[PDB]
RNA sequence: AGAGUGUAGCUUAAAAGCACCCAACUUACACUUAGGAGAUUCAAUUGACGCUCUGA
RNA sequence: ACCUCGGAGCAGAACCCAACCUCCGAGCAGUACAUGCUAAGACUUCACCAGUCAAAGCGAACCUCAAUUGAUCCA
Ligand SMILES: [Mg+2]
Ligand SMILES: [Mg+2]
Ligand SMILES: [Mg+2]
Ligand SMILES: [Mg+2]
């Protein structure tokens with residue numbers, strides 16, 4: 001959730017540049 | 001009356017290896033979108049490394065009941081080069097022997113296609129089936 | 001309304017810059033191993049090893065077994081090295097390995113396994129079935145001296161019991177034959 | 001003069017119907033939606049419209065586990081291989097912890 | 001483009017279904033289940049009643 | 001187990017017949033607690049046992065009792081509360097809460 | 001002459017995990033398959049055979 | 001200018017919400033007919049008419065896309 005401390009855990013496109 | 005007739009209407013069992021022996025244990029279904037999904041009772045974990053070949057048999061909880069690796073002196077002293085096909089064949093045979101001596105004779109093998117297309121895994125499965133243990137566990141009664 | 005994380009993020013130890021210089025995952029087995037290794041680390045959020053009941057794994061038990069004998073490991077290692085070096089000099093073993101046809105004896109490897117890491121596998125199989133949980137109530141031990149018991153039914157075969165065998169009551173109506181190595185100066189107590 | 005047309009859509013009524021803590025039986029649909037938002041975990045099946053339904057009676061739990069894609073899906077394969085050494089995904093998984101047993105032993109006769 | 005035809009079975013007459021087919025091809029001879037036989041028999045294209 | 005000094009016990013002895021199930025109530029935990037500084041475990045071997053045709057003869061000419069039977073029963077299936085007007089329900093909805101599948105008659 | 005040291009290229013590893021090359025596919029890279037060579041420098045926590053730095 | 005339906009922001013993190021507010025479209029498709037028969041439990045376009053997922057069994061070798069459409073009577 002946005003307010004829970006576990007926010008932004010499923011992000012993956014920021015680690016790639018292709 | 002006989003004092004030895006204390007049976008009670010309800011009888012419990014304190015053995016974890018009991019529900020899966022009568023085809024009444026529930027399988028942790030789901031996952032689907034990932035692979036090795038948890039709908040089984042015993043798995044055939046195989047780990048191939050450039051130095052040694054280790055094969056384990058784990059339960060649905062996450063503990064191994066029997067493992068077979070070339071790092072053991074009992075197998076390492078009877079063969080050469082723990083990387084060829086005869087090494088993994090002997091590992092599969094000794095694992096089948098140990099599982100026959102342990103009572104377990106039903107496991108699910110779900111490898112990868114690039115590994116299943118090889119010859120070492122095929123010969124290991126052949127040695128496992130010829131030992132007395134057939135893969136592919138049957139269905140569940142009232143799933 | 002934003003709350004700070006209660007621990008280190010799984011994708012925060014690496015930098016978002018100079019990504020073209022870092023080595024990418026060339027295959028999928030490495031990613032699978034990394035995932036299965038990271039899934040075992042205790043996390044601070046809700047994980048699978050919490051709700052489905054794990055019977056509290058982080059808990060040190062009490063050993064009530066015999067201590068292992070004092071054996072020099074360097075001498076055993078150098079002896080094993082010399083043995084495998086003398087065995088590698090053979091050419092017949094090389095031919096058998098090249099021709100994909102090389103068999104090993106089963107009785108010899110069985111005896112060597114029972115003499116070496118046999119007790120460890122016996123202990124892990126006994127704790128898998130929950131024997132130490134019901135007998136000693138959590139306390140576990142290690143069977144140092146090997147044990148061999150074989151029943152007598154017909155007239156040629158046998159009905160042995162290993163670490164989880166299956167013996168029918170019709171094949172265990174009489175007393176079996178227990179055989180184990182022992183010295184002259186120690187008593188034993190068998191319990192079934 | 002009124003160039004746009006077809007913007008008179010309605011709501012699909014897609015969302016979570018059972019939160020964490022409710023006693024969900026076997027067969028109750030957890031949540032219907034498009035695209036894999038909450039991937040299934042334990043005792044949670046899928047259908048054709050990418051829906052979530054329970055399989056056993058218990059308490060539905062929502063955790064975050066690792067995401068191991070299938071080797072046959074080439075899209076996820078390349079998406080994983082394009083990741084650096086030390087990159088995980090960790091998506092939200094739905095699990096149903098069973099509470100009632102699947103059976104017991106009861107005495108019938110006595111001969 | 002396409003066309004809808006009806007397939008008549010060889011064994012156990014009385015059970016027929018409908019399936020799509022191309023308009024510029026020949027007839028169909030597929031394997032469809034027959035409930036009165038509980039096996040697999042042959043089906044032949046016969047009598048079209050749709051031109052979609 | 002493996003005991004050090006020769007120690008003999010008499011409170012755990014059993015008679016020559018020993019065919020009573022009330023006296024065979026043995027507990028390994030209490031037996032190990034009563035003899036802790038004497039015996040030490042050193043061997044373990046277990047196996048699995050199933051039912052066969054010899055259990056009948058055992059219970060007959062070894063325990064002087066009857067053979068108990070059991071059956072792996074299952075809990076009844078769950079069904080919601082039967083409403084008065086089942087909106088959008090098949091015809092077989094009344095058979096889900098029906099006791100016996102026979103035409104019952106009241107005052108007739 | 002003094003100091004830092006001590007498991008193959010790496011280890012808050014105790015004989016393992018990462019690394020390397022060859023043979024098959026590829027314009028080429030690469031996965032995978034089939035194989036190979038690799039180490040606790042010596043005598044019982046001690047002293048000395050190898051490297052570096054500070055000097056002359 | 002429009003007459004049916006879907007998606008993107010308005011409506012931002014369960015759900016619903018309109019405009020003659022600004023844009024993409026759809027009246028179909030590339031391949032096998034077990035695209036067989038029954039049967040617990042739910043969502044439901046804010047009512048109804050409608051639509052969708054699925055435990056298990058007999059039977060069989062071991063399904064992809066977003067809207068993608070037509071009821072009463074009668075023939
Ligand atoms: Mg809209
Ligand atoms: Mg509207
Ligand atoms: Mg409604
Ligand atoms: Mg089914």
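Because the Cβ atoms are built from the backbone with ideal geometry, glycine has one as well, and the counts that use them run over all protein chains shown. Derivation of every value follows stated rules applied to the coordinates shown; laboratory data play no part.
Per-structure values
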read-out	value
Helix-derived mean residue ellipticity, 222 nm - over the protein assembly as shown, DSSP H n ≥ 4, -39500 (n - 2.57), to 500	-5500 deg cm²/dmol
Inter-label distance for residue D:5 and residue E:5, nm, one decimal - labels placed 7 Å from Cα along Cα-to-Cβ	3.9
In degrees, nearest ten, helix C:73-88 long axis to first principal axis of chain C (Cα)	80
Whole-number D in µm² s⁻¹ for the range C:1-114, Kirkwood Cα-pair radius fed into Stokes-Einstein, 25 °C, 0.890 mPa s	112
Neighbouring partner chain Cβ atoms per residue of A:1-9, average, 10 Å criterion	6
Whole-Å semi-axes of the ellipsoid equivalent to chain E (Cα gyration tensor, √5λ, descending)	22, 10, 8
For the protein assembly as shown: Kirkwood Rh in Å [reciprocal of mean 1/r, alpha carbons]	31.1
Average beta-carbon neighbours from other chains, 10 Å sphere, peptide B:99-105	5
Computed over chain F, Cα set: Rg, Dmax in Å	28.6, 87
Crossing angle, helix B:120-131 versus chain B [Cα axis fit, 0-90 degrees, rounded to tens]	40
Scattering curve values for chain D, log₁₀ I(q)/I(0), Debye with Cα scatterers, q = 0.11, 0.20 Å⁻¹	-0.55, -1.08
Alpha-carbon centroid distance for the pair the range B:19-67 / the range F:1-70, whole angstrom	35
Rounded FRET efficiency, nearest 0.05, which uses the C-beta distance separating residue C:62 from residue F:49 and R0 of 45 Å	0.95
Highest average packing first - D:14-23, F:63-72, F:14-23, Cβ atoms within 10 Å	F:63-72, D:14-23, F:14-23
Computed E for residue E:46/residue E:24 - FRET, C-beta separation, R0 22 angstrom, nearest 0.05	0.70
Stokes-Einstein D for the range C:50-192, Kirkwood Rh over Cα pairs, 20 °C, 1.002 mPa s (µm²/s)	109
Sequence-separation-based contact order of the range B:6-143, relative, with Cα cut under 8 Å and 6+ spacing, percent	22
Order of F:97, C:128, F:57 under a 10 Å beta carbon neighbour criterion, fewest first	F:97, F:57, C:128
Spherically averaged projected area in nm², based on the convex hull that wraps the Cα atoms of the range B:20-88	6.4
Mean Cβ neighbour count within 10 Å, used as a protection proxy, ranking B:56-62, D:47-53 highest first	B:56-62, D:47-53
Highest-MSF residue in chain B out of B:12, B:33, B:82 [GNM, Cα springs under 10 Å]	B:12
Tail beyond 22 Å, pair distance distribution of the range B:6-143 (Cα, percent)	44
Distance between modelled label sites at residue F:107 and residue F:73, nm, 7 Å Cα→Cβ extension	3.8
Number of partner chain Cβ atoms within 10 Å, mean per residue of C:5-12	5
Peptides ranked, highest mean first, by Cβ atoms within 10 Å: ranges C:39-48, B:101-110	B:101-110, C:39-48
